[PDB]
>>> print(open('run25.txt').read())   # compact mmCIF, C-alpha atoms
# COMPACT_ATOMS: atom_id res chain seq x y z
CA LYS Y 2 -80.26 -48.95 -63.69
CA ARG Y 3 -78.96 -49.42 -60.12
CA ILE Y 4 -79.11 -45.83 -58.89
CA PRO Y 5 -77.11 -44.73 -55.76
CA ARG Y 6 -78.58 -42.82 -52.82
CA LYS Y 7 -77.50 -39.66 -51.04
CA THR Y 8 -78.43 -40.94 -47.54
CA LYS Y 9 -78.59 -44.22 -45.59
CA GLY Y 10 -81.98 -44.43 -43.93
CA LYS Y 11 -82.88 -47.89 -42.60
CA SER Y 12 -79.82 -49.89 -43.63
CA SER Y 13 -77.33 -48.65 -41.04
CA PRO Y 40 -73.30 -40.00 -99.71
CA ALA Y 41 -71.61 -36.60 -99.88
CA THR Y 42 -72.28 -34.34 -96.89
CA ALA Y 43 -71.05 -30.87 -97.79
CA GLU Y 44 -73.18 -29.11 -95.10
CA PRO Y 45 -72.97 -25.40 -96.08
CA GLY Y 46 -75.27 -24.42 -93.22
CA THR Y 47 -73.18 -24.27 -90.06
CA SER Y 48 -69.56 -23.38 -89.32
CA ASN Y 49 -68.85 -22.83 -85.61
CA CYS Y 50 -65.60 -21.01 -84.91
CA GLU Y 51 -65.56 -17.64 -83.11
CA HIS Y 52 -66.57 -13.92 -83.25
CA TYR Y 53 -68.97 -13.19 -80.38
CA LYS Y 54 -67.93 -12.35 -76.83
CA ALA Y 55 -70.30 -12.50 -73.87
CA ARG Y 56 -71.47 -8.98 -73.20
CA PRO Y 57 -71.99 -9.15 -69.39
CA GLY Y 58 -69.85 -12.29 -69.29
CA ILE Y 59 -70.97 -15.92 -69.22
CA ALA Y 60 -68.75 -17.19 -66.38
CA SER Y 61 -69.23 -14.12 -64.19
CA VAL Y 62 -73.03 -14.03 -64.47
CA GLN Y 63 -73.33 -17.78 -63.95
CA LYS Y 64 -70.92 -17.70 -60.97
CA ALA Y 65 -73.27 -15.13 -59.45
CA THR Y 66 -76.12 -17.54 -60.23
CA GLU Y 67 -74.41 -20.43 -58.42
CA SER Y 68 -73.75 -18.09 -55.55
CA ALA Y 69 -77.51 -17.46 -55.42
CA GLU Y 70 -78.57 -21.07 -56.13
CA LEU Y 71 -77.80 -22.58 -52.71
CA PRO Y 72 -80.80 -23.19 -50.42
CA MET Y 73 -81.06 -21.99 -46.85
CA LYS Y 74 -79.08 -23.73 -44.13
CA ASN Y 75 -81.27 -25.40 -41.56
CA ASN Y 76 -82.25 -24.29 -38.06
CA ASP Y 77 -82.00 -27.58 -36.20
CA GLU Y 78 -81.59 -25.88 -32.80
CA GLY Y 79 -84.18 -26.67 -30.15
CA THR Y 80 -85.45 -29.65 -32.16
CA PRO Y 81 -85.73 -33.30 -31.06
CA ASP Y 82 -83.14 -35.81 -32.20
CA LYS Y 83 -83.72 -39.52 -32.88
CA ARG Y 84 -83.83 -40.55 -29.21
CA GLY Y 85 -85.84 -37.50 -28.17
CA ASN Y 86 -83.30 -35.14 -26.65
CA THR Y 87 -83.18 -31.52 -27.77
CA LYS Y 88 -80.05 -31.01 -29.85
CA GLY Y 89 -77.84 -27.94 -29.64
CA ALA Y 90 -75.78 -26.25 -26.97
CA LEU Y 91 -77.05 -25.20 -23.55
CA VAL Y 92 -77.27 -21.39 -23.61
CA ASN Y 93 -79.83 -18.64 -22.99
CA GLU Y 94 -82.23 -17.99 -25.86
CA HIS Y 95 -81.62 -14.24 -26.14
CA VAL Y 96 -77.85 -14.66 -25.78
CA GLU Y 97 -77.92 -17.29 -28.54
CA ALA Y 98 -79.90 -14.93 -30.79
CA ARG Y 99 -77.44 -12.08 -30.15
CA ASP Y 100 -74.38 -14.29 -30.72
CA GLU Y 101 -76.07 -15.60 -33.87
CA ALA Y 102 -76.39 -12.03 -35.17
CA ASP Y 103 -72.72 -11.56 -34.22
CA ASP Y 104 -71.71 -14.65 -36.22
CA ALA Y 105 -73.73 -13.42 -39.20
CA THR Y 106 -71.97 -10.04 -38.99
CA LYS Y 107 -68.57 -11.77 -38.96
CA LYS Y 108 -69.60 -13.95 -41.92
CA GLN Y 109 -70.72 -10.82 -43.79
CA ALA Y 110 -67.32 -9.28 -43.03
CA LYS Y 111 -65.52 -12.33 -44.40
CA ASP Y 112 -67.78 -12.32 -47.48
CA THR Y 113 -67.19 -8.64 -48.26
CA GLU Y 114 -63.48 -9.18 -47.39
CA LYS Y 115 -63.16 -6.12 -45.15
CA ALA Y 116 -62.09 -5.99 -41.54
CA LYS Y 117 -65.65 -4.87 -40.71
CA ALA Y 118 -68.93 -5.75 -42.43
CA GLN Y 119 -70.40 -2.55 -43.85
CA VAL Y 120 -73.87 -4.11 -43.91
CA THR Y 121 -74.15 -5.12 -40.26
CA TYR Y 122 -76.72 -7.26 -38.46
CA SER Y 123 -75.69 -6.45 -34.88
CA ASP Y 124 -75.33 -3.24 -32.84
CA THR Y 125 -78.01 -1.54 -34.92
CA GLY Y 126 -80.09 1.44 -33.85
CA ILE Y 127 -83.13 -0.78 -33.29
CA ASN Y 128 -83.42 -1.91 -29.69
CA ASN Y 129 -84.25 -5.61 -30.00
CA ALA Y 130 -83.78 -6.81 -26.42
CA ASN Y 131 -86.80 -9.15 -26.59
CA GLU Y 132 -85.78 -11.25 -29.61
CA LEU Y 133 -85.30 -14.98 -29.11
CA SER Y 134 -83.87 -17.55 -31.49
CA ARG Y 135 -84.37 -21.20 -30.58
CA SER Y 136 -81.76 -23.07 -28.58
CA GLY Y 137 -81.12 -26.28 -26.67
CA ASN Y 138 -82.00 -24.82 -23.28
CA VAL Y 139 -85.77 -25.37 -23.52
CA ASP Y 140 -87.54 -28.59 -24.46
CA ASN Y 141 -90.85 -29.13 -26.25
CA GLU Y 142 -92.93 -29.35 -23.07
CA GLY Y 143 -91.49 -26.12 -21.69
CA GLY Y 144 -88.75 -26.98 -19.21
CA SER Y 145 -84.98 -26.82 -19.00
CA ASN Y 146 -82.41 -29.24 -20.44
CA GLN Y 147 -79.93 -29.49 -17.58
CA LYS Y 148 -80.72 -33.21 -17.71
CA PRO Y 149 -81.70 -34.66 -21.11
CA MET Y 150 -85.12 -36.21 -21.65
CA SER Y 151 -83.82 -39.77 -22.09
CA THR Y 152 -82.05 -39.68 -18.73
CA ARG Y 153 -85.09 -38.02 -17.11
CA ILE Y 154 -87.44 -40.74 -18.39
CA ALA Y 155 -84.98 -43.51 -17.49
CA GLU Y 156 -84.62 -42.06 -13.99
CA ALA Y 157 -88.37 -41.66 -13.45
CA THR Y 158 -88.90 -45.29 -14.44
CA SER Y 159 -85.85 -46.63 -12.56
CA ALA Y 160 -87.20 -45.05 -9.39
CA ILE Y 161 -89.94 -47.71 -9.20
CA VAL Y 162 -88.45 -51.17 -9.68
CA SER Y 163 -88.53 -54.34 -7.59
CA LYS Y 164 -86.22 -57.34 -7.28
CA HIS Y 165 -86.50 -60.97 -6.27
CA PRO Y 166 -86.53 -61.85 -2.56
CA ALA Y 167 -83.48 -63.54 -1.07
CA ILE D 422 -32.86 -9.97 -75.28
CA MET D 423 -29.83 -11.54 -73.55
CA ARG D 424 -29.30 -13.87 -76.52
CA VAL D 425 -29.53 -10.91 -78.90
CA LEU D 426 -27.05 -8.78 -76.94
CA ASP D 427 -24.72 -11.79 -76.64
CA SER D 428 -23.92 -11.86 -80.36
CA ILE D 429 -22.52 -8.30 -80.63
CA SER D 430 -18.76 -7.74 -80.93
CA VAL D 431 -17.82 -4.40 -82.45
CA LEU D 432 -14.06 -3.86 -82.30
CA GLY D 433 -12.91 -7.27 -81.12
CA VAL D 434 -14.44 -6.68 -77.67
CA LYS D 435 -17.82 -8.12 -76.76
CA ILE D 436 -20.24 -5.42 -75.69
CA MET D 437 -22.38 -7.16 -73.05
CA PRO D 438 -21.20 -10.72 -72.35
CA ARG D 439 -23.44 -13.24 -70.64
CA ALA D 440 -20.64 -14.12 -68.20
CA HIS D 441 -21.35 -11.20 -65.85
CA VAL D 442 -25.05 -10.39 -66.28
CA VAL D 443 -27.34 -11.48 -63.44
CA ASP D 444 -30.79 -12.95 -64.08
CA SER D 445 -33.74 -12.01 -61.87
CA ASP D 446 -34.17 -15.41 -60.24
CA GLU D 447 -30.47 -16.13 -59.60
CA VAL D 448 -30.80 -14.72 -56.09
CA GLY D 449 -33.99 -16.75 -55.66
CA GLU D 450 -32.61 -20.12 -56.78
CA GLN D 451 -29.62 -20.23 -54.42
CA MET D 452 -31.72 -20.45 -51.24
CA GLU D 453 -32.38 -23.92 -49.89
CA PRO D 454 -36.18 -23.46 -49.57
CA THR D 455 -35.75 -22.08 -53.18
CA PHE D 456 -38.00 -18.98 -53.10
CA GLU D 457 -40.50 -19.88 -55.85
CA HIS D 458 -41.02 -23.27 -54.20
CA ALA D 459 -41.33 -21.41 -50.89
CA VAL D 460 -44.13 -19.13 -52.13
CA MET D 461 -45.89 -22.08 -53.73
CA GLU D 462 -46.54 -23.08 -50.10
CA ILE D 463 -48.53 -19.94 -49.27
CA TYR D 464 -51.91 -21.69 -49.55
CA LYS D 465 -51.80 -23.39 -46.15
CA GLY D 466 -51.92 -20.12 -44.19
CA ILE D 467 -55.05 -18.98 -46.02
CA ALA D 468 -58.18 -20.46 -44.44
CA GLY D 469 -60.32 -21.67 -47.30
CA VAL D 470 -58.22 -22.50 -50.39
CA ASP D 471 -56.07 -25.52 -49.22
CA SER D 472 -54.67 -26.26 -52.73
CA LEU D 473 -52.56 -24.33 -55.22
CA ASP D 474 -54.93 -24.86 -58.16
CA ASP D 475 -57.87 -23.82 -55.98
CA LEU D 476 -55.89 -20.70 -55.01
CA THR D 477 -55.18 -19.82 -58.65
CA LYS D 478 -58.86 -20.34 -59.42
CA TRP D 479 -59.98 -18.30 -56.41
CA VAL D 480 -57.79 -15.21 -56.82
CA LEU D 481 -58.85 -14.66 -60.43
CA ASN D 482 -62.15 -13.49 -61.91
CA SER D 483 -62.16 -16.05 -64.82
CA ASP D 484 -61.34 -12.87 -66.52
CA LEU D 485 -57.64 -12.77 -65.85
CA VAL D 486 -57.83 -9.37 -64.16
CA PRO D 487 -57.78 -10.29 -60.45
CA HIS D 488 -59.87 -9.10 -57.56
CA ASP D 489 -58.30 -6.53 -55.27
CA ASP D 490 -59.27 -8.15 -51.95
CA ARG D 491 -57.77 -11.53 -52.82
CA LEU D 492 -54.56 -9.73 -53.78
CA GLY D 493 -54.70 -7.81 -50.50
CA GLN D 494 -55.05 -10.95 -48.38
CA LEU D 495 -52.40 -12.80 -50.37
CA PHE D 496 -50.08 -9.78 -50.21
CA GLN D 497 -50.44 -9.64 -46.43
CA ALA D 498 -49.49 -13.33 -46.49
CA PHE D 499 -46.69 -12.67 -49.01
CA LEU D 500 -44.92 -9.65 -47.49
CA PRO D 501 -43.21 -11.55 -44.59
CA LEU D 502 -41.83 -14.04 -47.12
CA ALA D 503 -40.33 -11.21 -49.18
CA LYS D 504 -39.08 -9.03 -46.32
CA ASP D 505 -37.62 -11.62 -43.95
CA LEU D 506 -36.58 -14.66 -45.99
CA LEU D 507 -35.33 -12.73 -49.03
CA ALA D 508 -33.59 -9.50 -48.01
CA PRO D 509 -30.47 -10.67 -46.05
CA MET D 510 -29.84 -13.40 -48.63
CA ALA D 511 -30.11 -10.67 -51.25
CA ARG D 512 -27.66 -8.53 -49.26
CA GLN D 513 -25.14 -11.38 -49.22
CA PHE D 514 -25.71 -12.12 -52.91
CA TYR D 515 -25.35 -8.57 -54.24
CA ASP D 516 -22.34 -8.01 -51.96
CA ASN D 517 -20.71 -11.16 -53.36
CA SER D 518 -21.49 -10.07 -56.93
CA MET D 519 -20.09 -6.60 -56.26
CA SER D 520 -16.95 -8.22 -54.83
CA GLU D 521 -16.31 -10.38 -57.92
CA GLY D 522 -16.26 -7.60 -60.49
CA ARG D 523 -18.57 -4.89 -61.82
CA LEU D 524 -21.77 -6.54 -63.00
CA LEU D 525 -25.26 -5.83 -64.33
CA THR D 526 -28.20 -7.24 -62.38
>>> encode(input="run25.txt", output="structure tokens")
Amino acid sequence: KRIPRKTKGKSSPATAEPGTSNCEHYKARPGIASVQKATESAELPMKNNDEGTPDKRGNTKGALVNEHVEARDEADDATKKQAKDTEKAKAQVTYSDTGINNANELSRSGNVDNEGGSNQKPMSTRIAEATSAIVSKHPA
Amino acid sequence: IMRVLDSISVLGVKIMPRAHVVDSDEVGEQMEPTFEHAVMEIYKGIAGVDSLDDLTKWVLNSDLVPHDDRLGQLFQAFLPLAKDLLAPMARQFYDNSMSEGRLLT
């Protein structure tokens, strides 16, 4: 009983036994630890794409940058991660500077909102400003 | 092998006494950052190991033949410790040992 949670949510005679005898004498032919270490390399799920998505309050999360520039820098970061994972000074399998011209690709970013406009001012401040424009006070 | 060659004395003279043979780590133990303890501290320069036991797990295969790229990165980290902080101390040590007799190192 009383199981823990990963995330917070709302709350802030004689037995001779001649059968078995387990000692030794077989080695793993591709190798147990090596094949299962490859398996726990492959087991991990995909990391999330939370860019250009609303947060709790409603503002689009992520950095303010052009969509195409963010896609190209994201391919650059994947190439550098591939280089660090193959442990060379240059990733042999590269994701950027390929022969394919891909000057129209766009990965999502925090520049554009859900309605279709820019995020120079966040949506919470825009709504608060558009409703603080029309107020009225008590007379003197 | 030093204990075996210690106990030989043919014609009253001892053949290879212990008193003037130099062990491999005697030049390493006289330094104040004490070289083996100095190269235990190599793991902080490497980005993603940040522990000695994690380093010894990471360099190996779990077969005890190591990967070549981990040895290459650790050797690039290791070569300034062996060229700068070892060689002049070794010059002073082997010069001192050559001054105090004719020895075997």
>>> interface_residues(input="run25.txt", of="chain Y", to="chain D", cutoff="10 Å", atoms="only C-alpha atoms", output="CSV table (one decimal) with C-alpha atoms, in the frame of the given file")
chain,number,residue,atom,x,y,z
Y,58,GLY,CA,-69.8,-12.3,-69.3
Y,59,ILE,CA,-71.0,-15.9,-69.2
Y,60,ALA,CA,-68.8,-17.2,-66.4
Y,61,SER,CA,-69.2,-14.1,-64.2
Y,64,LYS,CA,-70.9,-17.7,-61.0
Y,113,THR,CA,-67.2,-8.6,-48.3
Y,114,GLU,CA,-63.5,-9.2,-47.4
Y,115,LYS,CA,-63.2,-6.1,-45.2
>>> atom_distance(input="run25.txt", atom1="atom CA of residue Y:93", atom2="atom CA of residue Y:136")
7.4 Å
>>> residues_around(input="run25.txt", residues="residue D:487", least_positions_apart="6", cutoff="12 Å", atoms="all atoms listed in the file", output="PyMOL selection string")
chain D and resi 476-481+493+495
>>> closest_residue(input="run25.txt", among="D:434, D:498, D:448, D:485", to="residue D:467", atoms="all atoms listed in the file")
D:498
>>> residues_near_point(input="run25.txt", point="(-77.8, -13.0, -26.8)", cutoff="12 Å", atoms="all atoms listed in the file", output="JSON, numbers by chain")
{"Y": [92, 93, 94, 95, 96, 97, 98, 99, 100, 101, 102, 103, 104, 123, 124, 129, 130, 131, 132, 133, 134, 135, 136]}
>>> atom_distance(input="run25.txt", atom1="atom CA of residue D:464", atom2="atom CA of residue D:507")
18.9 Å
>>> residues_around(input="run25.txt", residues="residue D:506", least_positions_apart="3", cutoff="10 Å", atoms="all atoms listed in the file", output="PDB file with C-alpha atoms, in the coordinates of the input")
ATOM      1  CA  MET D 452     -31.720 -20.450 -51.240  1.00  0.00           C
ATOM      2  CA  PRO D 454     -36.180 -23.460 -49.570  1.00  0.00           C
ATOM      3  CA  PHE D 456     -38.000 -18.980 -53.100  1.00  0.00           C
ATOM      4  CA  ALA D 459     -41.330 -21.410 -50.890  1.00  0.00           C
ATOM      5  CA  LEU D 500     -44.920  -9.650 -47.490  1.00  0.00           C
ATOM      6  CA  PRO D 501     -43.210 -11.550 -44.590  1.00  0.00           C
ATOM      7  CA  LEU D 502     -41.830 -14.040 -47.120  1.00  0.00           C
ATOM      8  CA  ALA D 503     -40.330 -11.210 -49.180  1.00  0.00           C
ATOM      9  CA  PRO D 509     -30.470 -10.670 -46.050  1.00  0.00           C
ATOM     10  CA  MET D 510     -29.840 -13.400 -48.630  1.00  0.00           C
ATOM     11  CA  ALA D 511     -30.110 -10.670 -51.250  1.00  0.00           C
TER      12      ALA D 511
END
>>> atom_distance(input="run25.txt", atom1="atom CA of residue D:522", atom2="atom CA of residue D:446")
19.5 Å
>>> decode(input="run25.txt", residues="stretch 469-501 of chain D", atoms="N, CA, C and O atoms", output="short mmCIF file (atom, residue, chain, number, x, y, z; two decimals), in the first residue's frame")
data_model
loop_
_atom_site.label_atom_id
_atom_site.label_comp_id
_atom_site.auth_asym_id
_atom_site.auth_seq_id
_atom_site.Cartn_x
_atom_site.Cartn_y
_atom_site.Cartn_z
N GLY D 469 30.74 14.54 -19.01
CA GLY D 469 29.64 13.76 -18.50
C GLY D 469 29.96 12.49 -17.74
O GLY D 469 29.30 11.47 -17.96
N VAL D 470 30.96 12.52 -16.85
CA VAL D 470 31.26 11.37 -16.01
C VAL D 470 31.14 11.69 -14.52
O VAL D 470 30.67 10.84 -13.75
N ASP D 471 31.65 12.85 -14.09
CA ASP D 471 31.58 13.52 -12.78
C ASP D 471 31.62 12.61 -11.55
O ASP D 471 30.99 12.92 -10.53
N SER D 472 32.38 11.51 -11.63
CA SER D 472 32.66 10.57 -10.56
C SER D 472 33.69 9.57 -11.07
O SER D 472 33.69 9.21 -12.26
N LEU D 473 34.53 9.08 -10.16
CA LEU D 473 35.59 8.16 -10.55
C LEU D 473 35.03 6.79 -10.89
O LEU D 473 35.47 6.16 -11.86
N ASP D 474 34.06 6.30 -10.10
CA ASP D 474 33.46 5.01 -10.39
C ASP D 474 32.63 5.05 -11.67
O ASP D 474 32.62 4.07 -12.42
N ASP D 475 31.98 6.18 -11.94
CA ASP D 475 31.28 6.34 -13.20
C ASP D 475 32.25 6.41 -14.37
O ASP D 475 31.94 5.92 -15.46
N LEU D 476 33.44 6.98 -14.16
CA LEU D 476 34.46 6.98 -15.20
C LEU D 476 34.96 5.57 -15.49
O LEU D 476 35.09 5.18 -16.66
N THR D 477 35.23 4.80 -14.44
CA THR D 477 35.73 3.44 -14.64
C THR D 477 34.66 2.52 -15.20
O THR D 477 34.97 1.52 -15.85
N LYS D 478 33.39 2.85 -14.98
CA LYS D 478 32.33 2.13 -15.66
C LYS D 478 32.23 2.56 -17.12
O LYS D 478 31.93 1.75 -18.00
N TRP D 479 32.46 3.85 -17.40
CA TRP D 479 32.16 4.38 -18.72
C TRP D 479 33.24 4.04 -19.74
O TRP D 479 32.94 3.82 -20.92
N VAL D 480 34.50 4.03 -19.31
CA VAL D 480 35.60 3.75 -20.23
C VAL D 480 35.57 2.30 -20.71
O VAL D 480 35.87 2.02 -21.88
N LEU D 481 35.11 1.38 -19.87
CA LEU D 481 35.17 -0.03 -20.20
C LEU D 481 33.93 -0.48 -20.98
O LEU D 481 32.95 0.25 -21.13
N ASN D 482 33.99 -1.72 -21.46
CA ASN D 482 32.96 -2.31 -22.29
C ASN D 482 31.98 -3.17 -21.49
O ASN D 482 30.92 -3.52 -22.02
N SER D 483 32.34 -3.50 -20.23
CA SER D 483 31.89 -4.57 -19.33
C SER D 483 32.44 -5.93 -19.77
O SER D 483 32.34 -6.92 -19.04
N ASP D 484 33.03 -5.98 -20.96
CA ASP D 484 34.25 -6.72 -21.19
C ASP D 484 35.36 -5.76 -20.78
O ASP D 484 35.21 -4.54 -20.87
N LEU D 485 36.47 -6.30 -20.30
CA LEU D 485 37.48 -5.40 -19.77
C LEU D 485 38.47 -4.94 -20.83
O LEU D 485 39.48 -4.32 -20.49
N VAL D 486 38.20 -5.22 -22.10
CA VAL D 486 38.87 -4.52 -23.20
C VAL D 486 38.18 -3.19 -23.42
O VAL D 486 36.95 -3.16 -23.63
N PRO D 487 38.89 -2.07 -23.39
CA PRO D 487 38.24 -0.76 -23.40
C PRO D 487 37.95 -0.27 -24.81
O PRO D 487 38.51 -0.76 -25.80
N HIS D 488 37.08 0.73 -24.88
CA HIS D 488 36.81 1.38 -26.15
C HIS D 488 37.96 2.31 -26.50
O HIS D 488 38.64 2.84 -25.62
N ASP D 489 38.16 2.52 -27.80
CA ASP D 489 39.29 3.33 -28.24
C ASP D 489 39.02 4.83 -28.10
O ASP D 489 39.96 5.60 -27.85
N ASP D 490 37.77 5.25 -28.27
CA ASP D 490 37.45 6.68 -28.22
C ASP D 490 37.47 7.22 -26.79
O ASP D 490 37.87 8.38 -26.58
N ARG D 491 37.05 6.42 -25.82
CA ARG D 491 37.16 6.83 -24.43
C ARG D 491 38.61 6.95 -24.01
O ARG D 491 38.99 7.89 -23.30
N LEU D 492 39.45 6.02 -24.47
CA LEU D 492 40.89 6.13 -24.23
C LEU D 492 41.49 7.33 -24.94
O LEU D 492 42.40 7.95 -24.40
N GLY D 493 40.99 7.68 -26.12
CA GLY D 493 41.50 8.85 -26.81
C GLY D 493 41.17 10.15 -26.10
O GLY D 493 42.04 11.01 -25.93
N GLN D 494 39.93 10.28 -25.64
CA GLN D 494 39.53 11.47 -24.90
C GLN D 494 40.25 11.56 -23.55
O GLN D 494 40.74 12.63 -23.16
N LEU D 495 40.38 10.43 -22.85
CA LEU D 495 41.06 10.45 -21.57
C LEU D 495 42.56 10.63 -21.75
O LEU D 495 43.21 11.21 -20.88
N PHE D 496 43.12 10.20 -22.87
CA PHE D 496 44.54 10.40 -23.12
C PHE D 496 44.84 11.84 -23.50
O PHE D 496 45.90 12.36 -23.14
N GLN D 497 43.92 12.50 -24.22
CA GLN D 497 44.06 13.93 -24.43
C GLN D 497 43.93 14.70 -23.12
O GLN D 497 44.57 15.74 -22.95
N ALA D 498 43.13 14.20 -22.18
CA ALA D 498 43.09 14.82 -20.86
C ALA D 498 44.31 14.47 -20.01
O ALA D 498 44.67 15.23 -19.11
N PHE D 499 44.95 13.33 -20.28
CA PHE D 499 46.01 12.78 -19.45
C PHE D 499 47.39 13.28 -19.84
O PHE D 499 48.27 13.39 -18.97
N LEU D 500 47.61 13.53 -21.13
CA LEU D 500 48.93 13.95 -21.62
C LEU D 500 49.48 15.25 -21.02
O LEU D 500 50.70 15.30 -20.79
N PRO D 501 48.70 16.31 -20.74
CA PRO D 501 49.30 17.44 -20.02
C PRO D 501 49.68 17.13 -18.58
O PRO D 501 50.58 17.79 -18.05
#
